[PDB]
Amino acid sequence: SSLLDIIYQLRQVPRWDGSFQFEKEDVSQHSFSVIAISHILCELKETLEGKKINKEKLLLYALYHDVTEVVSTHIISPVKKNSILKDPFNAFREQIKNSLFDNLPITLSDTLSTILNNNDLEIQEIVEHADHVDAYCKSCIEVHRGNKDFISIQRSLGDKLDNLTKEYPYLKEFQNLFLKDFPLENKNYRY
């Protein structure tokens, strides 16, 4: 099986191609953050919208969200979302999904196929929102480090986030809890 190799190979898939970064980010670092953000968003949404989400399925979907990038590499969203490329790349992503875990024990292979092909629209939406939050957070950290090339990126992502918070109360709450002062300049909790 290639499953464990793929989990570690995600460290070789860089994000933010075409942008200068003070800290290079790989898909594994990004995915760790997205799992944590997805969890927090889920807890806020459950309390706000009076429900219980299947957190096992959500966390697993966040965990493997970007696993197909071990084949596709990470195509930055200004490229991937071009009208010329949007639908072709989604078709490519589907071809990758269908071939990835080709050599597993069937109880395990079905569980992985279940995650990658999850048709739960709400779980898909939470992780998409988490992905946007994480990209915004990275842009905040780069600007904090002094990276002026990320100012316009932070502005674009922050504008979209602001528009999202008008339609999704759990995102507005997340923004109020964590994104108005991010990153923390003084790491008081270390001491």
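All residue numbers are counted from 1 along the displayed sequence. We call the rigid core the largest set of C-alpha positions that still match within 1.5 Å between the two forms.
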{"property": "Outlying stretch relative to shown form, 97 to 105 versus 117 to 125 in 4 other deposited structures of this protein, C-alpha RMS (core)", "result": "97 to 105"}
{"property": "Between 82 to 90 and 67 to 75 (mean CA B-factor, as deposited), the higher", "result": "82 to 90"}
{"property": "174 to 182 versus 12 to 20 - which carries the larger mean C-alpha B factor in the record", "result": "174 to 182"}
{"property": "From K148, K52, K138, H39, residue of greatest CA B-factor", "result": "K52"}
{"property": "Chain-relative CA temperature factor third for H144", "result": "lowest"}
{"property": "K166 by Cα B-factor - lowest, middle or highest third of the modelled chain", "result": "highest"}
{"property": "Third assignment of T47 from its chain's C-alpha B-factors", "result": "highest"}
